[PDB]
Amino acid sequence: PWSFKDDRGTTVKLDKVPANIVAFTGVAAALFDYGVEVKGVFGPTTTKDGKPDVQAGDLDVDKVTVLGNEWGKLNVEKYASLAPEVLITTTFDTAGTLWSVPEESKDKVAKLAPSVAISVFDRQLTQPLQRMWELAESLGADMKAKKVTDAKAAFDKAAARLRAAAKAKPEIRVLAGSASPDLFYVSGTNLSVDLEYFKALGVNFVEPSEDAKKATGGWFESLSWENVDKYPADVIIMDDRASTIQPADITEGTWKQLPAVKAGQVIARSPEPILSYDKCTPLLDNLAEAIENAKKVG
């Protein structure tokens, strides 16, 4: 028998370990790094060139059945066809809302299999990493596999590296942004698993006021493109997801004139980390590297 109590406090119990798992693409990507296969995914999975999306990690995107290829899309008839035994996703709120399960069909989806949510709300990254590790082991992973303990050691090494970098370079101000056509969004550290952890390790973030973030309940501040120079920043970390405009493609003149952009001090941020140590290690290394080499320019 298999049992797991998720971050909504609900305990799913099945008579056997589920063989037919369906997961949000980023959760399937994490389980893949622990050698747990899924049968179906939903979420940003492939790009228009047919390549794996960043949230698909190392998943074999040809083998799995893609039920939806963007956030909030999940075809229920095709989901039923997988004979699903559990659905697994993340959750970003107090309510335990299942991330990316279409609101208009979530009840239909829930009829066909129990769900497991891993919370990525209002906590540090190490939390959901260890919760996802426990889930993967319950599903048949070997958590004492050298691939996995090496991964955890590499993550701990990269976390010490970011702590050291932030101690060496306390003057380097990091801005977390996400680009869309109407607005550039500046995140605060509070509420995000990655940013809360990077902050705990000593990174100096630009922090919009709580007043400036209240239109999103404290997640981020919306700025017009002409006002992206509001906060002086030395390193900018930009949202990497499918729905957002990547830094190479931002054509707006105010952006191109940013001290950080002119200095080449822009890297990716993954606001939806794939919850494996393997895939979170680069998030620490990349930010450490940027801080280690950054010039104060903002």
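Residues numbered from 1 in each chain as written, not as in the entry; some residues may be left out. Heavy atoms only, no water.

For this entry, the PDB record names X-ray crystallography as the structure determination method and reports a resolution of 1.50 Å.

A. Inspection of the overall build of the protein chain at higher detail. Within the protein chain one finds 10 helices and 13 strands. Against the 2.2 N^0.38 benchmark of 19 Å for 298 residues, the protein chain shows a C-alpha radius of gyration of 19 Å, consistent with a compact globule. Projecting the C-alpha coordinates of the protein chain onto the three principal axes gives extents of approximately 60 × 40 × 35 Å. Considering the protein chain as a whole, with its 298 residues, one finds that 51% of them fall into the buried category. A sequence separation of at least 24 residues applies to 73% of the contacts in the protein chain between residues at least 6 apart. Accessible surface for the protein chain amounts to roughly 13,600 Å². Of this, 51% is attributable to carbon and sulfur atoms. Across the protein chain, 36 positive and 43 negative side-chain charges occur, with their mean positions spaced 3 Å apart. (Helix = DSSP H or I, 4+ residues; strand = E, 2+ residues; numbered from the N terminus. Rg over C-alpha atoms; globule rule 2.2 N^0.38 Å. Buried < 20%, exposed > 50% of the residue type's maximum accessible area, 1.4 Å probe, protein only. Contact = heavy atoms within 4.5 Å. Areas by Shrake-Rupley, 256 points an atom, 1.4 Å probe, with all protein chains shown as cover. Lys, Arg positive; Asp, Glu negative; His and termini not counted. Charge placed at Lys NZ, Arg CZ, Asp CG, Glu CD.)

B. Highlighting the UniProt feature "domain: Fe/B12 periplasmic-binding" (unreviewed entry) in the protein chain. Per the UniProt record, "domain: Fe/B12 periplasmic-binding" (unreviewed entry) is annotated on residues 19–295. Overall, residues 19–295 shows 34% helix and 17% strand. The separation of its end C-alpha atoms is 51 Å. (UniProt positions renumbered as here; feature names shortened; annotations may be inferred.)

C. Up close: the sheet that holds strand β7 (residues 115–119). One open sheet accounts for five strands, arranged β5-β4-β3-β6-β7; its pairing is parallel. Edge positions in the sheet fall to β5 (65–68) and β7, since each of these pairs with one other strand and no more. Averaged over neighbouring strand pairs, the angle between their axes works out to 20 degrees when direction is ignored. Taken together, the three bridges between strand β4 (residues 40–42) and β5 define a ladder with parallel strand orientation. (Pairing = 2+ DSSP bridges. Axes fitted to C-alpha atoms, helices over the stretch in contact; angles between N-to-C directions.)

D. Representation of the packing of aromatic side chains. Tallied over the full model, the rule gives 12 aromatic pairs. Taken together, a centroid distance of 4.3 Å and an interplanar angle of 45 degrees make the contact between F92 and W99 tilted. Judged by relative accessible area, which is 17%, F92 ranks as buried. Three or more aromatic residues link up through ring pairs in this structure, and these residues are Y34, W133, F155, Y197 and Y277. The ring of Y277 carries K152 above its face, with NZ or CZ at 5.7 Å from the centroid. (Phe/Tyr/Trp six-rings, centres within 6.5 Å; stacked < 30°, edge-to-face > 60°. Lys NZ or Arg CZ within 6 Å of the ring centre and 35° of its normal.)

E. Representation of helix α1 (residues 25–33) in the model. Burial runs high along α1: eight of the nine residues are buried. By the burial criterion, the buried members of α1 are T25, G26, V27, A28, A29, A30, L31 and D33. Looking at the packing, one finds that the buried side of α1 touches β3 (21–24), β4, β6 (86–91), α4 (126–138), α5 (146–168) and α10 (277–293). Looking one or two residues beyond α1, the residue adopting positive phi is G35, at roughly 70 degrees.

F. The arrangement of the domain arrangement of the protein chain in detail. Assigned domains within the protein chain: domain 1 (1–139) and domain 2 (146–294). Centre-to-centre, using C-alpha coordinates, domain 1 lies 25 Å away from domain 2. Between domain 1 and domain 2, the contact holds 28 residues from the first and 25 residues from the second. Carbon and sulfur atoms supply 68% of the area buried between domain 1 and domain 2, which totals about 2,300 Å² over both sides. (Domains from an automatic or database assignment. Buried area = accessible area lost by both parts, 1.4 Å probe.)

G. Representation of the environment of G68. Take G68: it is sitting in strand β5. The sequence separation of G68 and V41 amounts to 27 residues, and the corresponding C-alpha distance is 7.4 Å.

H. Expanded view of the environment of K13. Here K13 shows up in strand β2 (residues 11–14). Discounting residues that sit within four places of it in the chain, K13 has contacts with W2 and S3.

I. Main features of the packing of α5 against α10. Direction vectors running N to C along α5 and α10 enclose 20 degrees, while the axes themselves pass 8 Å from each other. Here α5 lies roughly parallel to α10, going by the angle between them. Helix-helix and strand crossings are classified by hand; for α5 and α10 the assignment is left-handed. Contacts between α5 and α10 involve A151, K152, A154, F155, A158, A159, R161, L162, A165 and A166 from the first element and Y277, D278, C280, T281, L284, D285, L287, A288, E289, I291 and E292 from the second. Among the residues making up the contact of α5 with α10, the classes are represented as 14 nonpolar, one polar and six charged. (Parallel < 35°, antiparallel > 145°, perpendicular 65-115°, else oblique. Left-handed = near helix turned anticlockwise from the far one by under 90°. Nonpolar A, V, L, I, M, F, W, Y, C, P; charged D, E, K, R; others polar.)

J. Region of interest: unusual backbone geometry. With phi around 60 degrees, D122 is a residue other than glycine that occupies positive phi space. Tracing the sequence through the fold places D122 in the loop between β7 and α4. For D122, a relative accessible area of 42% gives the class partly exposed. With a phi angle near 105 degrees, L191 is a residue other than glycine that sits in the positive phi range. The residue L191 is located in the loop between β9 (184–187) and α6 (193–200) in this model.

K. Broad picture of the pairing of β3. Where β3 meets β6, three bridges bridge the pair, whose relative direction is parallel. Bridging across to β6, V22 finds its partner in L87. Alignment of β3 against β4, held across three bridges, turns out to be parallel. Across the sheet, the residue bridging to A23 is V41, located in β4.

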